[PDB]
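Every read-out reported here was derived from the displayed coordinates using simple, explicitly stated rules and does not represent laboratory data. Backbone-built Cβ (ideal geometry, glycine too); neighbour counts: all protein chains shown.
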Amino acid sequence: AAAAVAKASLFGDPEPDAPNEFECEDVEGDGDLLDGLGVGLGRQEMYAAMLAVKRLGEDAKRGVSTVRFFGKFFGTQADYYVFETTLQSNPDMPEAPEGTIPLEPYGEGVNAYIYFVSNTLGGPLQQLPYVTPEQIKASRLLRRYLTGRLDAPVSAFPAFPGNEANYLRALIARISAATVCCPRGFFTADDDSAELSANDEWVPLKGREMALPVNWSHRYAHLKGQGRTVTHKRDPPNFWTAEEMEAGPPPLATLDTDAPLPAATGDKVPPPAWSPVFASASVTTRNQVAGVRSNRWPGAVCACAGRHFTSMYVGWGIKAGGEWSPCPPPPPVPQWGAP
Amino acid sequence: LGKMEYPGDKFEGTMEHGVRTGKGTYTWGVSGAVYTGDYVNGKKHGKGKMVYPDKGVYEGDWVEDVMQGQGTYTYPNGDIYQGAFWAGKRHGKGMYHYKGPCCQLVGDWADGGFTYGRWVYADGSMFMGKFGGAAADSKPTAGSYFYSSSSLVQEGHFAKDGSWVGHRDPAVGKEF
Amino acid sequence: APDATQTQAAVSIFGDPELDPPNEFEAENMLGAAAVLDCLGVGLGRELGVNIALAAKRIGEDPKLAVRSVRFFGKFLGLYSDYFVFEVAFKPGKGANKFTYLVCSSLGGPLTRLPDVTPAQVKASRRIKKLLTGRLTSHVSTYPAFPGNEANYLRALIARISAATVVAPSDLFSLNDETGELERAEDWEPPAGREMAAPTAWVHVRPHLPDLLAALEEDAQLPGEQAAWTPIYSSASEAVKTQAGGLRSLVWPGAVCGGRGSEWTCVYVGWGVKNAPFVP
Amino acid sequence: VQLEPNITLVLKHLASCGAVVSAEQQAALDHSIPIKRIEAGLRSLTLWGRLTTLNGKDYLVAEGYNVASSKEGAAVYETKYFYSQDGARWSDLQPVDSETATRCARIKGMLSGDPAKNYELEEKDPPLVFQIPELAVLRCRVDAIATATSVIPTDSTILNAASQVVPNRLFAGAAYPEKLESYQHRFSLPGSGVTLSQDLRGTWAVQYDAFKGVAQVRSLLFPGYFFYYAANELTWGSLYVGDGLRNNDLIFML
Amino acid sequence: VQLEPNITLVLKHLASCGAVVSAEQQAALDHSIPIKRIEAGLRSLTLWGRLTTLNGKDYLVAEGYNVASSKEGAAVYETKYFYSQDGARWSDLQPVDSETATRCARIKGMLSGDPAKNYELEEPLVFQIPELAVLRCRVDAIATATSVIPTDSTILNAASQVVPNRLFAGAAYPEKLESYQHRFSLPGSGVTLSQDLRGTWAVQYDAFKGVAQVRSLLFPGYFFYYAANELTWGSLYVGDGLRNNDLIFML
């Protein structure tokens, strides 16, 4: 009864401070493109989402410098509306203990963005905690329905190191490093650093040819098997393991070069990682918006019309493809002999 | 009480007519292993504690210089086995308790591998049935799951891929 | 048993036709036009915007009706049927008869080419104040005689509404001193959304039947110092970063213009009547 | 048979007539109308319409009622109106006295859009001046339109044993939706037989799409009042978009 | 009380569930559903759902029926199914044989989007199954699984035909699974969605607006809404069409 009043208080002006300065996106234009394709949350939901981005960005206590609406996770009892942000002042991250692989701090790699979440649009936003690589790997072993409560337990076996807030945060890390992508040629990657730079000599591609996965490129760093966007090779005194020597895809790698899904029964051709999605039935329709659609993470979509491109996730959080099996127990330790 | 040193191993215990008969604390000075326990005819027999070079600690029964009978082994990763031994391996009825995942395996063992019984998790969810044994890595083969959060049981088996194949729908049940 | 022929036509504008190369015509972004008008809350909506874009594609790609450019004029509400009006250019032909107006009682149905307009029936239609009957062959006015039927009166109303309320944002079209035509500017950066709702932002692009590219600021005001164009806004709060803006016509109620970002549009949706007192 | 007219279906079926509402205003109405319906304790509350203003801040008007009873041979609905200029928060829109109704009916032209604006108007001093607030003129125009049109389908409401006008849940449908005799005023009694065909001839227009089953009724006397009746789904609804003025030149237009 | 589910309202209320159809083919549905309803001679014809493909030309599936009668203790609806890839033309979605349905059910993965593709199975000897057979088998597997209406929405008249309840007052507790039943459960039988497997349905009831959303969990993508103030319900499937067989690990 109070959440409806908050979501209506998103609209208009508050009746009788100073607002915060931030940089959002054209969330109404994002809703226009995704309504053009047929994916996303619908056009009235994206307007309330734009006003929730407005409320999160104007709050002076939060101190946000940039907001992007990540998307929506479906849970059993409540949903999750997820907003990705950068803050004006990063929180303190505790140092990881000895023996474990270290953490990517705030503003670097998998913790480059602070994720806020609510259960309704305009409701109370709770900052999700930072993510660790052990949570990413333990989330890779899991396949769970979310419940909508940020304090529910996840699983006993496999041992996940947190509650549902940490599991949602690991899902956001995995989906963000794999499905948020930019049109090809819109950015250029530095050959020294890892940061991007928007080039000025880019031409938009006309209409339906932005439904080709050769025309998109991952704008975020690839999330390795270790649980880090940049693998951590420990200091040696034929030594390093396979997880440390994983030099993955190059920056701004296209969606044509993603690994296909494992082959399902009935067809020996592996399904592609990305499918086209079209706005119009006819090829000859003027001013078409087009985009690609993720098959590994179903619910993740991308869209482009001119210089205006979106990427958005609306899903259950489930990785698909049939490459999940229930986890076996750890092998019981052999004795001292061990032939 | 003939404390005999070796060119170096250090025995400290009683000897009856040259050989070890009684309690004695033999120490391997090459590998670091020690044994404090009983002796028959210069060999390990009866009971005694054995610590190994990989810091595994055995406390239990001995028949002729090999782990037999009932015992308690403690592994270098903190895993604890309690139950029947044969031929120096896990064989019979036993309980293997992990340290990390805190789950445990209770039931029939065969040649160091778990071949039948229950595998209960931390929260009370279990898989009961026939496991892979020593040929596999004690992987589950055929039986039924109970998950306690959903309170659902399902009978099925595992395919060669490793994926669960249930013979029917899940159903509301108890913890077997 | 009801016939389906209107609905067969309206579904025939969708998809590919079941089977000649179609010609290359010039149209505005009509889906963006429907988006701008739905942000401002004027026009015909989004669904009919899709229908209008598809029907204008059917008009434009017709190889037998070789068309230089298609534009949607608007909708004339009538007593018995309505009029969807499309203006075309075809690759006598100067002045108010520069564009040809094709009307249809429903989108996708059979199109009727309106006759060319003469200034005599323009002056004759400026006296009368009638409601359209939705049939192009009907007697118009008895005691003041009108020279044509309702097709001619509809063409005269279209000519007057065109000369009054068909605009474009300022510093977008320049008049060529040689050819006498409107040359679009390539480096036209549009203003903000709320800055579109001023009459200084828009200029005419039609002959007066004010000059050619005269702004909407310099119009004949209504009595009481009332400006002839009122603002319309996409948002009630001025803190929404990206929004739209435009103008309503007070002289011709139903004639709107608008702009969001770099997408601008104009339409007339009305009854054809002018907001002016009728003297007999 | 519907219970209450649905705003999304009204906007969908009447967007062909130009009777459209802004994207923000539609999104805001979807949240604001149930809040004000619960808050004001009204059984019904729908968007009555929108009135165009000079500054652009249009007046969204909603109406609602609890009881609808037969009094003096007419179906009186005790309607409370509400206004907003953003579609988010709804104010009261208080009623207007009878002399002030006669005075505000002489204010022509489109409203200004400032609720704290007073139109000065002079009389003969039986000179006298009177400042009439713009909310009063707004309530006057909404009352004149609502007593003029208020279109429901004929026999869509029934008169119960408690002498109240309740919706006929067994409503079969309009037999001929292309006719004016299938539609009546809301303030006409069930079983009286005062349809829209018994108005002044030439104040209404009906366009019926016989295939899809959707009829649209348009008021000629108040250009801007629209009504739809979809016969396959048995769903009707009405809306007023435009300034609140009356077409006083209707005998010259036909 | 609605007579038939309204496509604008199901796409309005289930839009936040991700069950959205494209802007062009929604208008194409608005023109083409009445055409196929009239030429097929169906009393009701609604959009059943949308099944996603690999080439992006998704199958819009529609469902229609004339009669709805009590056969053998079940509300059997004699439903016909149609498909489309553009929203404008509707082809028949023919029924599949009993032995062919098992072969179709063993075919996993997303559909390809070509109505002429044959999938092959090996059980040695190979079998070729058309993609429309896989589509019809996935559609009626979902339809026998879910088919959600509110309880007491229908009555059984004197001729033993399942007709809608005109005097349906509404679900008293819309937040409960007791308010909702399958379409094939007889009226007055007392079989609701609470008598399914526990945990296969998720209900979210917005207590203020009176809009409840029942989501299937065996078939993720089946969405149902019930608006209590409007007395308006409707459902739609959006997804690849595959059953969640890992359900005991999901919950």
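Looking only at region C:31-75, filter to residues that are part of a strand (DSSP E or B) and more than 11 Å from every other protein chain (Cβ to nearest Cβ); which one of those is surrounded by the fewest Cβ atoms within 10 Å (Cβ to Cβ)? Step by step, filter region C:31-75, then rank; the result is C:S69. Is there a residue being within 17 Å of the chain's Cα centre (by Cα) and part of a loop (DSSP other than H, G, I, E, B) anywhere in region C:154-177? Within region C:154-177, one or more residues are within 17 Å of the chain's Cα centre (by Cα) and part of a loop (DSSP other than H, G, I, E, B). Just one of the numbered conditions (1) buried (at least 22 other Cβ atoms within 10 Å of the Cβ); (2) within 17 Å of the chain's Cα centre (by Cα); (3) of a type in the set (A, V, I, L, M) is not true of C:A27: (1).
If you scan region C:9-24, which residues turn out to be surrounded by 20 or more Cβ atoms within 10 Å (Cβ to Cβ) and on the phi < 0 side of the Ramachandran plot?
Within region C:9-24, C:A10, C:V11, C:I13, C:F14 qualify.
Restricting to region A:19-67, and then to whatever is assigned to a loop (DSSP other than H, G, I, E, B) and among the charged types (D, E, K, R), can you tell me which residue is farthest from E:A23 (Cα to Cα)? Across region A:19-67, the extreme among qualifying residues is A:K61. Scoring A:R43 on the criteria (1) away from chain E (no Cβ under 14 Å); (2) more than 20 Å from the chain's Cα centre (by Cα) leaves a single failure, condition (1). Filtered by the rule that a residue be surrounded by fewer than 20 Cβ atoms within 10 Å (Cβ to Cβ) and more than 10 Å from chain A (Cβ to nearest Cβ), region E:234-244 gives a lone residue, E:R243.
In summary, E:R136 fulfils each of the numbered conditions (1) assigned to a helix (DSSP H, G or I); (2) within 14 Å of chain A (Cβ to nearest Cβ); (3) basic (K, R) with the single exception of condition (2). In the set (1) buried (at least 18 other Cβ atoms within 10 Å of the Cβ); (2) more than 20 Å from the chain's Cα centre (by Cα); (3) not β-branched (V, I, T), D:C104 fails one condition alone, (2). Checked against (1) touching a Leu at 6+ places or on another chain (Cβ under 9 Å); (2) closer than 20 Å to A:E21 by Cα, A:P91 passes all but a single condition, namely (1). Restricting A:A263, A:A242, A:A259, A:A247 to those that are among the aliphatic types (A, V, I, L, M), more than 10 Å from every other protein chain (Cβ to nearest Cβ), touching a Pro at 6+ places or on another chain (Cβ under 9 Å) and part of a loop (DSSP other than H, G, I, E, B) reduces the list to A:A259. Could you count how many residues in region C:226-251 are more than 30 Å from A:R55 (Cα to Cα) and either crowded, with 22+ Cβ neighbours inside 10 Å or out of contact with any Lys or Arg (no Cβ under 8 Å at 6 or more places or on another chain) (or both)? So the count comes out to 7.
With respect to (1) in contact with a helix residue (DSSP H, G or I) (Cβ under 7 Å, 6 or more places away or on another chain); (2) within 20 Å of C:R126 (Cβ to Cβ), the lone exception for C:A201 is condition (2). Selection of first residues in region E:174-202 that are within 14 Å of chain A (Cβ to nearest Cβ) and of second residues that are in a loop (DSSP other than H, G, I, E, B) and small (G, A, S), restricted to Cβ pairs under 7 Å at least 6 apart or on distinct chains, gives the following pairs, ordered by first then second residue: E:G199/B:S150. Kindly indicate whether any position in region E:108-119 is among the hydrophobic types (A, V, I, L, M, F, W, C), in contact with a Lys or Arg (Cβ under 7 Å, 6 or more places away or on another chain) and away from every other protein chain (no Cβ under 14 Å). No - not one qualifying residue is present in region E:108-119.
Step by step: first the residues of region A:137-167, then only those that are among the aliphatic types (A, V, I, L, M) and in a loop (DSSP other than H, G, I, E, B), then the one that is nearest to E:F249 (Cα to Cα). Which residue is that? Steps first, answer last, please.
Taking region A:137-167 first, the residues among the aliphatic types (A, V, I, L, M) are A:138, A:141-142, A:146, A:150, A:152, A:154, A:156, A:159, A:165.
Narrowing the set further to residues that are in a loop (DSSP other than H, G, I, E, B) leaves A:141-142, A:150, A:152, A:154, A:156, A:159.
Numbers: A:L141: 12, A:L142: 9, A:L150: 19, A:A152: 16, A:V154: 11, A:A156: 12, A:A159: 14 Å.
Checked region A:137-167; the qualifying residue nearest to E:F249 (Cα to Cα) is A:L142.
The number of residues in region B:19-73 that are assigned to a strand (DSSP E or B) and within 14 Å of chain A (Cβ to nearest Cβ) comes to 12.
Any idea which residue in region D:59-94 is farthest from A:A8 (Cα to Cα), counting only those that are at the interface with another protein chain (Cβ under 8 Å from one of its Cβ atoms) and in contact with a helix residue (DSSP H, G or I) (Cβ under 9 Å, 6 or more places away or on another chain)? Talk me through it step by step, then tell me what you get.
Initially, region D:59-94 is screened for residues at the interface with another protein chain (Cβ under 8 Å from one of its Cβ atoms), giving D:85-89.
Going one step further and asking which of them are in contact with a helix residue (DSSP H, G or I) (Cβ under 9 Å, 6 or more places away or on another chain), we end up with D:86-89.
Details: D:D86: 11, D:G87: 10, D:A88: 6, D:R89: 8 Å.
Among them, the one singled out is D:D86.
Assessment of region C:260-278 against the conditions (more than 22 Å from D:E24 (Cα to Cα), within 14 Å of chain D (Cβ to nearest Cβ) and of a type in the set (K, R)) yields at least one matching residue.
Within region D:218-233, restricting attention to residues that are more than 9 Å from every other protein chain (Cβ to nearest Cβ) and of a type outside the set (G, A, S), the residue that is surrounded by the most Cβ atoms within 10 Å (Cβ to Cβ) is D:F227.
Which residues, taken from region E:1-52, are polar (S, T, N, Q), out of contact with any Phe, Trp or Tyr (no Cβ under 9 Å at 6 or more places or on another chain) and away from chain A (no Cβ under 14 Å)?
The initial filter retains those residues of region E:1-52 that are polar (S, T, N, Q), namely E:2, E:6, E:8, E:16, E:22, E:25-26, E:32, E:44, E:46, E:52.
With out of contact with any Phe, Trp or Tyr (no Cβ under 9 Å at 6 or more places or on another chain) added as a condition, the list becomes E:6, E:8, E:16, E:26, E:46.
Matches in region E:1-52: E:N6, E:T46.
Out of A:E201, A:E195, A:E243, one residue alone is exposed (fewer than 15 other Cβ atoms within 10 Å of the Cβ) and under 25 Å from the mean Cα position of the chain (by Cα). It is A:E195.
Filtering region A:1-33 to residues that are at the interface with chain E (Cβ under 8 Å from one of its Cβ atoms) and more than 16 Å from A:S118 (Cβ to Cβ) leaves only A:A1.
Filtered by the rule that a residue be more than 14 Å from every other protein chain (Cβ to nearest Cβ) and hydroxyl-bearing (S, T, Y), region A:55-82 gives a lone residue, A:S65.
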